[PDB]
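The chains carry the letters A, B, C and D, assigned in the order they are written, with residues numbered from 1 in each.
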Amino acid sequence: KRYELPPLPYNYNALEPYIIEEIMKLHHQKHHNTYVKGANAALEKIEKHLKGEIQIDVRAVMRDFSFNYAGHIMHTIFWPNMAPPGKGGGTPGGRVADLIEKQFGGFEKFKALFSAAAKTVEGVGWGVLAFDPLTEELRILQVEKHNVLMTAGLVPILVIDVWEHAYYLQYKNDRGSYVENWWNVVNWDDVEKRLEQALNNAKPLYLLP
Amino acid sequence: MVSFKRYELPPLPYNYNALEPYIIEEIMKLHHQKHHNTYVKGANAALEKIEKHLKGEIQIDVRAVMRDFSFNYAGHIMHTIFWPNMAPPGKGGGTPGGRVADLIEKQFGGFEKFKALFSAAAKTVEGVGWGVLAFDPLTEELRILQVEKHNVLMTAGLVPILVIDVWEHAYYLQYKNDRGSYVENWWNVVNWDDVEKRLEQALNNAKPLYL
Amino acid sequence: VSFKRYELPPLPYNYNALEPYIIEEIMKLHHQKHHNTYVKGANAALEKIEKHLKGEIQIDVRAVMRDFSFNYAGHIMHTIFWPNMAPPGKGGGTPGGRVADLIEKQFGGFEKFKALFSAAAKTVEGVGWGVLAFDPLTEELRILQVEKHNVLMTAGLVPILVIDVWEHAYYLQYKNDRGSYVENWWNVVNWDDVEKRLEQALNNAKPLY
Amino acid sequence: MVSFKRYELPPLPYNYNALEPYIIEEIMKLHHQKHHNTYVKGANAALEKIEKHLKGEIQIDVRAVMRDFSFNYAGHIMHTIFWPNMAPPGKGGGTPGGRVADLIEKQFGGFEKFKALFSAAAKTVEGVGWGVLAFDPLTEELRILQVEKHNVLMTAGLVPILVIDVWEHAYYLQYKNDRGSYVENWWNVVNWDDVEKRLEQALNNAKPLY
């Protein structure tokens, strides 16, 4: 089954002033679309290989699949993780706030740690807040590229893209300012919904019921 | 604030010599007691550093500690899946039925085509790593990929349902450099019942986490 | 003796000297922000090693060496990158001399070389570099990619011509279109510099190993 | 267009059993005859694909083939340095003199401090890789780093003069999981004469190179 580019949940200019329209348009129509196409291209090669029509370098094509699939799913989460300022921004409540209190000692400490993780990604990558199916707790990590340092199990519920293309046109080299500004468009309702699903569904995938 | 729940080393589902002749007792023992244990400890040690940082007790390099967490957590979960993915010959080995066989037929064109591809993926991991059969929550289909170390090339979303460890420590004492022979022999201990149960859970649970 | 500090080199030309192919704002940010950050990071890693050697602190050796690796590599790669370019006239065109001779022998001529090098640069996954290197084991040219600054690079190979395809190298001008950037970059290649490096490599490299 | 010069497997500088009791004969045989040979073949195979691409016979994935070249070339050169970096106990082992000892004193505050740092670097490689002592052409000083696989974390410029292989295949048959004991014992076969000769060449050639 082939991957498809999802529409954004909002207008290309909907995250302004925090992320400009030009970035949103390039990011979605070029970058994300390229990962969708790359993932499908890798699958097509695997198909031709399985049908015996070609012989592929299995390692190489799977590396291509890994990178592009990861790019696709990460951007798929990234867009609805944001919302126009109002619906987006502010401080979380509910289950997310509760786990943030338990795991990190409150929102301010969480924000400082998450921001540090995002700002200090070496090269391009992501800051990731994930739900751990083994402990049913939150974990923060970095991902390099789309597919380096990511682990099995951990379910991303909030991600920030710190690839240079995510901010350079507006913030230039100042990734720090981008990260600080990104908090203003975080869709906590989306994160809350993701956590609800993870609490219900994640653990049984690994520790059988 | 509540102190993190510690990771723990699970027992094996069988004795150390239970996978003979395909994987020797000495490997199973070292693999479990030394290697898997080390990843459990490493994951806990990283979380302890994060805890002390959050309590204002120490300085940490956030990137470094998270790299440590990534590698060791990944090692832990991958081995946690690896052990029950195998079973003593008899319960282990053979060819799958059920939903696993159905998806293998529809996607890979049958078990032999799947086996050849999975074996090639495992054999050709560059350096140490894993061959992985995963459930894709976006398409509700199977995908095969490689993972290097424990935490390189792995992606979000994909749920491993069957993994083969091709780190050198998984085979060297018995098979020496001949990883190919190890991979071929490993099929004789695959626990298809476990794989089927994992797929069942994924079919029921995975997609809603993301969409 | 305290380690010798790395230093930011001046550019061989003004910030606007590579126009219209690479705009002034890019050259300024690239040199003053990005390259300077790698210099500072390389020095910072060695300061940590020094405090460890003085017995004052205990460090995570793996972590600090990863920092050294990335930042040292960033520093050296950019150090080669700047003089690898020159204002159009001195920069651009088709090489002669020893480099042209090896290009004929290894790659079957300049057009074939250019196509291969361009493909290598364009298809770097994530951020990184296209690299033309001298192989001390064979005394021949080899092309490879480097991801980040310090992934896929090998011992031995001496880079003689590099192109930076990190997003910051082109995004402000070329946006997502790395391909057009790579095509344009040829017009500022300083072939006299590449020639000097190859000659040094032919005379110096093999004995090291 | 002339066909590429092939990489070749260098012979060992000593018998397969010459590093005993510190590294057993079986490891040396497998390591040289199976593993190193595989990297030589892999590097050549990648270049063959590049050749066929340039001659218009095939259309390659340039990234994929260059990744193959990178890993295998790196494997080849790292092992090529690794073997003569060791010597039978007597010629091998002990502590360095000459220029190596001089820079070690200046950079690291002496041999025991250097040894502690290099040992820690080797023991703490995550996954498989190498501990590396390198000469920096930019500063004409020694640097220690790790390399993962053969071709991850390695940088341009730095010239390895002493390397230790900590891939599992380098020790597992003898030391099992105990990489630490392997690293501790490897010091007893280090060929300081070889390292000294490499440093001499680096001091003479590396900076003028860059």
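We take it that a contact is a pair of C-beta atoms (placed from the backbone, for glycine too) under 8 Å apart; a residue touches a chain by one contact, two chains touch by 3 or more.
Chemist: Which chain's centre, taken as the mean of its Cα atoms, is farthest from the centre of chain C?
Modeler: Farthest by centroid: B.
Chemist: If you average the CA atoms of chain B and of chain D, how many Å lie between those two points?
Modeler: About 30 Å separates the centre of chain B from that of chain D.
Chemist: Give, as an integer number of Å, the spacing between the C-alpha centres of chain D and chain C.
Modeler: Computed value for the inter-centroid distance: 23 Å.
Chemist: Once you find the CA centre of chain A and the CA centre of chain D, what distance in Å lies between them?
Modeler: Chain centroid spacing, chain A to chain D, equals 38 Å.
Chemist: Considering chain B alone, which of its residues make contact with at least two other chains?
Modeler: As it turns out, chain B has residues touching two or more other chains at 63, 67, 126.
Chemist: With chains as vertices and touches as edges, which is it: line, ring, star, complete or other?
Modeler: Looks like everything touches everything, fully connected.
Chemist: Which two-chain combinations qualify as touching?
Modeler: Every pair of chains meeting the touch criterion: A-B, A-C, A-D, B-C, B-D, C-D.
Chemist: If we count contacts the way the header does, which residues on chain C are in touch with chain B in the complex?
Modeler: It is residues 60, 62-63, 66 of chain C that touch chain B.
Chemist: Give every residue of chain C touching chain D within the complex, in rising order.
Modeler: So the residues of chain C in touch with chain D come to 1, 3-4, 6, 49, 52-54, 61-62, 65-66, 68-69, 72-73, 75-77, 79-80, 104-109, 112, 116, 119-120, 123-125, 135, 137-140, 142-146, 149-159, 200-201, 204-205, 207-209.
Chemist: Would you tell me which residues of chain C are touching chain A in their complex?
Modeler: My answer: residues 29, 33-34, 70, 125-127, 147-148, 166-168, 171-172, 175-176.
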